[PDB]
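# A look at the structure
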Amino acid sequence: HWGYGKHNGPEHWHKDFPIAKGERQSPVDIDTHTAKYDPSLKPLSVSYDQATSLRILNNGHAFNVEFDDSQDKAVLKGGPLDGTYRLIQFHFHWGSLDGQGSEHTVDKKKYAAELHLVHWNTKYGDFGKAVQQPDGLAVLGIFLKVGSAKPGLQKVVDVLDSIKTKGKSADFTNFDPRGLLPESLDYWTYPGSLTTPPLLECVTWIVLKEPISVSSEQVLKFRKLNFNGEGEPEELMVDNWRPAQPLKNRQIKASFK
Ligand SMILES: [Zn+2]
């Protein structure tokens, strides 16, 4: 058992997964003053038009909206990416309070939550083989501030009551992930890791400058979820976020001047 608890939290993940103290760990603080613009970065392509959501599920760490990744239906191309990355699932990390909840920070500022859209490089045939490579995954990370409710998010919130406890899942079809994007795809990028065990250093990170607004009403529904399984003592699913890890020698490239 790993989690976000006192004894099984990020400070202790290294005991079971030594890579936690690796050279390419995520998330990281994005220093705007030192994250230099890169004119070599190609424009970012997002094709979520024929996207096919299948189910939503509680996995005892967050909730994942999973997609049919059998075809190039919903793909991420260009930016820093070489080849086509298929969307497999998106999930969030969020806090107990509005003041915290994001994994990545910007000049040390935390957001109320962070959205991660997970893609894998079709070059490697399947996800299993993908996570064993440095460029295997691409995660599109989008900050959440508490403001005007996100319409594209309400379909998600409306189903959360039905996957309260770890292990529960539900049919979740015809979800448009375009509903969750901001207007400017202006990003930072760097090579990093999964922010959960086994913390494999296989992720090209693409973090959007532009956060999205969500209503306190929407984020309160997130915090009504359970880490625990059915029949267990209740443990509310909150502060499911890893703090910023050392950047070390890595450079964070910005897509904008
Ligand atoms: Zn994540």
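Its PDB header attributes the entry to X-ray crystallography and lists the resolution as 2.9100 Å.

The chain goes by Carbonic anhydrase 2 in the PDB entry, where it is assigned to Homo sapiens. The record lists the entry's title as "Protein-aromatic foldamer complex crystal structure". Its UniProt record gives the chain the following Subunit (literature references left out) comment, quoted word for word: "Interacts with SLC4A4. Interaction with SLC4A7 regulates SLC4A7 transporter activity. Interacts with SLC26A6 isoform 4 (via C-terminus cytoplasmic domain)." On record in UniProt, under Sequence similarities, the comment for the chain is "Belongs to the alpha-carbonic anhydrase family."

### Structural notes on the coordination of the zinc ion
Distances from the zinc ion to its protein donors, namely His91 (NE2), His93 (NE2) and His116 (ND1), fall within the range 2.0 to 2.1 Å. In the primary sequence, the donor residues of the zinc ion line up as H-x1-H-x22-H. One end of the pair, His91, is in strand β6 (residues 85–94); the other, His116, is in strand β8 (residues 113–121), and 25 residues separate them in sequence. By the burial criterion, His91 is buried, and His116 matches it.

### Quick word on the pattern of salt bridges
Where charged atoms of side chains with opposite charge meet at close range, the side chains can pair. Going through the model one piece at a time under the given rule, you end up with nine salt bridges. Close ionic contact of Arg55 with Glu66 constitutes a salt bridge, the shortest N to O distance being 2.6 Å. One end of the pair, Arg55, is in strand β3 (residues 53–58); the other, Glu66, is in strand β4 (residues 63–67), and 11 residues separate them in sequence. Overall, the relative accessible area of 33% leaves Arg55 in the partly exposed class. You can call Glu66 partly exposed: its relative accessible area is 24%. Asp135 is the salt-bridge partner of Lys123, the closest N and O atoms lying 3.6 Å from each other. Of this pair, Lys123 sits in the loop between β8 and α1 (127–130) while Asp135 sits in the loop between α1 and β9 (137–146), and the two are 12 residues apart along the sequence. Overall, the relative accessible area of 48% leaves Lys123 in the partly exposed class. Connected through shared salt-bridge partners, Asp49, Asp176 and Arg178 make up one network.

### Digging into the pairing of strand β11 (residues 187–192)
Of all six residues that make up β11, five are buried, and the element is covered over most of its length. Sheet topology note: the β11/strand β12 (residues 203–208) ladder contains six bridges and is antiparallel. Bridge pairing in β12 links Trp188 to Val207. Pairing analysis gives two bridges linking β11 to strand β14 (residues 253–254), with the strands arranged antiparallel. By the bridge assignment, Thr189 is partnered in β14 with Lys253.

### As for the packing of aromatic side chains
Think of a pair of aromatic rings as described by two things: how far the centres are apart, and how the planes are tilted against each other in angle. As enumerated under the stated definition, the model contains 15 aromatic pairs in all. Ring centres 6.3 Å apart and planes at 20° place the aromatic pair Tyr4 and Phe227 in the stacked group. Taken together, the residues span a long stretch of sequence, with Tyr4 in the segment before β1 (29–30) and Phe227 in the loop between α3 (216–222) and β14 at a distance of 223 residues. Of the residues examined, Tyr4 reaches a relative accessible area of 16% and is grouped as buried. Residue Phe227 is classed as buried on the basis of its relative accessible area of 17%. With 6.0 Å between their ring centres and 40° between their planes, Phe67 and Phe90 make a pair best called tilted. Note that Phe67 is positioned in strand β4 and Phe90 in strand β6, a separation of 23 residues in sequence. Taken together, the aromatic side chains of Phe63, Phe67, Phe90, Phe92, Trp94, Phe172, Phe175 and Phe222 make up a single cluster linked through ring pairs. Geometry around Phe172 places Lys155 over its ring, the cationic atom sitting 5.5 Å from the centre.

Conventions used here
Residues numbered from 1 in each chain as written, not as in the entry; some residues may be left out. Part of a larger assembly, values for the part shown. Heavy atoms only, no water. Residues with missing side-chain atoms left out of burial classes, pairs and counts. UniProt positions renumbered as here; feature names shortened; annotations may be inferred. Donors = N, O, S within 2.8 Å, 3.2 Å for Na, K, Ca; no water. Helix = DSSP H or I, 4+ residues; strand = E, 2+ residues; numbered from the N terminus. Buried < 20%, exposed > 50% of the residue type's maximum accessible area, 1.4 Å probe, protein only. Salt bridge = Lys/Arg side-chain N within 4 Å of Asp/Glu carboxyl O. Pairing = 2+ DSSP bridges. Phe/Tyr/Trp six-rings, centres within 6.5 Å; stacked < 30°, edge-to-face > 60°. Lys NZ or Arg CZ within 6 Å of the ring centre and 35° of its normal.

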